[PDB]
Every structure is written in structure tokens, then in C-alpha cells.
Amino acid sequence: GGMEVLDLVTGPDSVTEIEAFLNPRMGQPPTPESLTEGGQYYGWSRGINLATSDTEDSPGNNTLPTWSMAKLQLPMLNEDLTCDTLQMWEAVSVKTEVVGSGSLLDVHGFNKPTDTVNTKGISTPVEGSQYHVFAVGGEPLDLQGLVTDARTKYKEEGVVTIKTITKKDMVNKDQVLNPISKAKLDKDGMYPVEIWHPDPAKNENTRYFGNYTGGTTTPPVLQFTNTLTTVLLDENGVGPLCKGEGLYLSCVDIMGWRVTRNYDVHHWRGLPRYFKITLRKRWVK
């Protein structure tokens, strides 16, 4: 009933750890798996297509990176649901890591070469805009929509956009903060990151951390270590609580773009994120 937080449960199995990895959702789906039928783009987006005019901007779904998310089940707790004091899982902390930055050291491929005069040098490494966000909570991540252009003609099939939610075309307010344009991160690879952002007005049971670095050729930067613990406890020493006993993990990890030798076609590059959450049982009213 009432979310009055009490003491920490002690005894056998009062604490537990949950591990999971979320692969990136840059555009090309996991299947087909064939390295000649499209599977070679897994972990990347398909070629970014440009608007044909100021009033005709329709990006393909496979060129739009979307949020990655997973809902994990935790061991059951309450036998009698009609008891005055119950138990709920509380996320204490998380060790998270973006894996694979070293693969970006491959500068021997067939990307646009650094020396275009002779088509020599090295295969230009991934560079540009970077976006890193991760969240852990007891409910789906609450999202607030905001886009660059309310006129963008996002596909009506295969993606969740503002129009999907409102059942109406976007309005000029959608380029700033429009309270009506909200959703919840309840599906993996469906909510475009250029549309949906963590909602600071909600997410009372989720902790999210994000950072953005723009630019066209900005050098990608990343740190990775198994010695860093992110505390999920709030100012009152209480972490997110799994009311429905289902843990939500959310993230997006864009490293930039690689660009081809043909018409500078850009492809987004994303990397997988690992999570290791420490949880404990909490007595609640």
C-alpha cells in the first residue's frame, strides 16, 4: 500500500546481485544474421539519409538509434499480499561499463581514407557526436519528447514517436518542452533517442545518468573499469524500489559515425553496456 520505507531486511538471501548486458540499437536489427544480407551492419545504423527539402525530412527507421532496455525478474517475496508490512527489492548500487571501445582502434578497414588525394593513410576511425545514458529503476524509464523539427516525417510503422502517443501530428511546442508529449520506455529498439529523453518531472523510482558531446569530427572518449560503483541511493539513503518486482535497465551508447568512401555516407556506431546491480530487501508499509 503506502510507500513508507522502513528497515532493511536481514537474514538469509536478503541481498542479491543481478547481471545483464544490453546490446546497442543503432538501426540494423540483430537479424538477418548473414554478413552479406545486412547482418554486417549489426552494431551500426544503416546509411543516414538526408532531407530532400526544408519540408521533406523522412529518416528511415534503420538509420535512427533507439533506446535499449530490459526488464529483469527478481526472486518473489511476499506470500500474504494482505499483510501490513511487506518486502520490496531496493537497488543499492550498480557497476556499469560500456564494452568495446578498443575495437575503434581498427583503422585498417575500407572507410573514407585520411588521404583522399591518393586514397591512402588510414581508414578514418569513428568520430563525431556521442551520447551515453543509462538508468536503473523499478518502473519503465519515463520519457519526455522533444525534437529538432516538428515537421519531421518519422515512419508510422516500426517505431514509437510522439504522434504514436498523441494520435496527432507534432506541433511547434514539440521543439521545446511540451508536457503532453510523454511516454514510457517499455520496448527495446523502438524509441528514437533523438525524440525521447529522460523525464526529470517523473522517474521517482529510477536513477538516470546521461551526457552528450556534439560535433562532426569530435574525438570519441571513454573510460572503463571494474572498480567504479555508481550509488543508486537517494538523499535519504533509499534506492529505487521494485513495486512490480521487475527491474528496468535502460541505455544508449553512441560513439559517433564511420563514413564510407561513397558519398560520405555516415553510419552510427553503438557499443554494448554491462550492468551488475546490487539489491537488498526493504521493509515497507
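Residues carry their position along the shown sequence, with the first being 1. Only the largest set of C-alpha atoms that superpose within 1.5 Å between the two forms is called the rigid core.
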- Message: Core-aligned, RMS over all structures and residues: is 61 to 69 or 237 to 245 the stretch with the greater C-alpha displacement in 4 other deposited structures of this protein?
- Response: 237 to 245
- Entries skipping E194: at least a third of other ones: no
- Query: When the other PDB entries of this protein are compared, is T82 left blank in at least a third of them?
  - Reply: yes
- Stretch with the greater mean C-alpha B-factor as recorded in the entry, comparing 139 to 147 against 111 to 119: 111 to 119
- Between 68 to 76 and 93 to 101, which has the higher average C-alpha B-factor in the PDB entry? 68 to 76
- Message: Among the choices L271, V15, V265, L22, identify the one whose CA B-factor in the record is greatest.
- Response: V15
- Message: For the CA B factor values reported in this entry, which option in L233, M26, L50, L222 has the top one?
- Response: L233
- Note on the structure: Among the modelled residues of its chain, the C-alpha B-factor of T63 falls in the third labelled lowest
- What third of its chain's C-alpha B-factors does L249 belong to: lowest, middle or highest? middle
- Query: If you rank the chain by CA B-factor, which third does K167 end up in: lowest, middle or highest?
  - Reply: highest
- Task: Rank-wise, by C-alpha B-factor, drop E156 into the lowest, middle or highest third of its chain.
- Result: highest
- CA B-factor placement of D188, once the chain's modelled residues are sorted into thirds: middle
